[PDB]
Protein chains: 2
Amino acid sequence: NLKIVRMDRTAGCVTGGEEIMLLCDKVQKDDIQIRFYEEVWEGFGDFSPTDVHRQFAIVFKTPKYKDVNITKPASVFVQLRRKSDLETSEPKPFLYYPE
Amino acid sequence: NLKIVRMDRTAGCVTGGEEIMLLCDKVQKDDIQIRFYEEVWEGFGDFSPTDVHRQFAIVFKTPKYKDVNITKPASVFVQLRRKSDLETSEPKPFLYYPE
């Protein structure tokens, strides 16, 4: 089902709050989340249902990473996840960089 | 009809070739173009029908501006335009900056 077709940024500042545009196959705006994770730390993209564009894109802000004092980049994953039954997309790599 | 709902960048290097993601209301992938213009200079976003995502977003590269030697930013407009009958969206401002 779920798929991240493209993201306009695959890296971001460890403090979060940076806007990313993600293109996806069809989602339900009230039953979708963006999960960043590291094998388990997790953080979620910050957006509401109105930031989902006609079920095929999402504009959101990055979560803060677990350690804002990293000295070198921290490799994580990002997936779509349906809130209702926790079905997921295949993950995309994402790099957090030191502030 | 046509509408640019959001763009991930509203500025770009005067040399062009920079990837932008634009969210739009429904378009036909074979009958859509992105027109940058200045009152008339015009340039077009570089993309093919496959870069249009399920009729609701477009990933494209910026055109080169008419003068790559500008010393200060050059304010232009960007609109969607249907190739067949030249119907347009309302324009969005866009700033080209010196290299």
Side-chain angles (χ1 to χ4, degrees), chain A residues 1-13 16-37 43-63 77-94, chain B residues 1-12 18-36 44-62 77-83 87-95:
Chain A
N1 205 295
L2 302 168
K3 183 180 170 186
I4 300 167
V5 167
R6 227 240 232 304
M7 293 176 68
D8 69 349
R9 289 191 49 64
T10 51
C13 190
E18 293 186 303
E19 187 175 284
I20 292 176
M21 229 171 250
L22 178 157
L23 305 186
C24 50
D25 283 337
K26 198 167 204 180
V27 300
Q28 304 303 310
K29 69 180 162 62
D30 296 297
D31 195 18
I32 195 77
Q33 74 191 170
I34 297 166
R35 188 175 167 254
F36 288 66
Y37 66 92
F44 295 85
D46 171 35
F47 70 98
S48 85
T50 53
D51 299 318
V52 180
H53 168 70
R54 300 307 316 285
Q55 306 183 98
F56 283 112
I58 309 174
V59 188
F60 69 96
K61 294 180 216 304
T62 55
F77 287 103
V78 189
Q79 67 192 179
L80 299 168
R81 190 165 74 177
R82 185 159 54 226
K83 298 200 187 173
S84 59
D85 61 2
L86 301 184
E87 274 289 300
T88 53
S89 70
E90 287 309 309
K92 296 288 176 276
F94 185 91
Chain B
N1 205 295
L2 302 168
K3 183 180 170 186
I4 300 167
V5 167
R6 227 240 232 304
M7 293 176 68
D8 69 349
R9 289 191 49 64
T10 51
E18 293 186 303
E19 187 175 284
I20 292 176
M21 229 171 250
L22 178 157
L23 305 186
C24 50
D25 283 337
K26 198 167 204 180
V27 300
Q28 304 303 310
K29 69 180 162 62
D30 296 297
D31 195 18
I32 195 77
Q33 74 191 170
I34 297 166
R35 188 175 167 254
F36 288 66
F44 295 85
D46 171 35
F47 70 98
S48 85
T50 53
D51 299 318
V52 180
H53 168 70
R54 300 307 316 285
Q55 306 183 98
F56 283 112
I58 309 174
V59 188
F60 69 96
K61 294 180 216 304
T62 55
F77 287 103
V78 189
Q79 67 192 179
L80 299 168
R81 190 165 74 177
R82 185 159 54 226
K83 298 200 187 173
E87 274 289 300
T88 53
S89 70
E90 287 309 309
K92 296 288 176 276
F94 185 91
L95 239 26

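Order of the sequence lines fixes the chain letters, A, B, ..., with proteins taken first and strands second; residue numbering starts at 1 for each chain. Scope of the values below: all heavy atoms of this structure, side chains included, with no hydrogens, waters or symmetry mates.
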*Asks:* Within the distance-only criterion (no hydrogens, no angle test), does the side chain of B/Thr10 pair as donor or acceptor with the backbone N or O of B/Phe94 below 3.5 angstrom?
*Replies:* no
*Asks:* Say you draw a straight line from CE of B/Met7 to CE of A/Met21; how long is it, rounded to the nearest 0.5 Å?
*Replies:* 9.0 Å
*Asks:* How would you list all residue pairs meeting salt bridge (charged side-chain N to carboxylate O under 4.0 Å, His left out) that involve residues 17-36 of chain A, not counting sequence neighbours?
*Replies:* A/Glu19-B/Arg6, A/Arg35-A/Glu42
*Asks:* Applying side-chain contact (heavy atoms from CB on, under 4.5 Å), can you list everything that pairs with A/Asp85, at least two apart in sequence or on another chain?
*Replies:* A/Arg82, A/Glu87
*Asks:* To check you understand the geometry: which heavy-atom pair defines the closest contact between B/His53 and A/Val5, and what is its length?
*Replies:* CE1-CG2, 3.9 Å
*Asks:* Would you give me the side-chain donor-acceptor pairs under 3.5 Å for residues 54-61 of chain A, sequence neighbours excluded?
*Replies:*
{"from": "A/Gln55", "atom 1": "OE1", "to": "A/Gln28", "atom 2": "NE2", "distance (Å)": "3.4"}

*Asks:* So do A/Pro63 and A/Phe44 actually touch side chain to side chain, heavy atoms under 4.5 Å?
*Replies:* no
*Asks:* Looking at residues at least two apart in the chain, or sitting in another chain, which of them share a salt bridge (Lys or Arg N to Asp or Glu O under 4.0 Å) with B/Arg81?
*Replies:* none
*Asks:* Partners of A/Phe47 by ring-ring contact (aromatic ring centres under 6.0 Å, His included), sequence neighbours excluded?
*Replies:* none
*Asks:* So how far is it from A/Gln33 CD to A/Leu86 CG, rounded to the nearest 0.5 Å?
*Replies:* 7.0 Å
*Asks:* May I ask you to test the B/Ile34-B/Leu22 pair for a side-chain heavy-atom distance under 4.5 Å?
*Replies:* yes
*Asks:* Taking only residues two or more places apart in sequence or in another chain, which ones pass side-chain contact (heavy atoms from CB on, under 4.5 Å) with A/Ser48?
*Replies:* A/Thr50, A/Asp51
*Asks:* To the closest 0.5 Å, what do you measure between OG (B/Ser89) and CG (B/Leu2)?
*Replies:* 6.0 Å
*Asks:* Got B/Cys24 and B/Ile4 here, is their nearest side-chain heavy-atom distance under 4.5 Å?
*Replies:* no
*Asks:* Would you please name every residue forming a side-chain contact (heavy atoms from CB on, under 4.5 Å) with B/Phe77, sequence neighbours left out?
*Replies:* B/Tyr37, B/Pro91, B/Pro93
*Asks:* Give me the atom names and distance for the closest heavy-atom approach of A/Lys3 to A/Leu80.
*Replies:* O-CD1, 3.5 Å
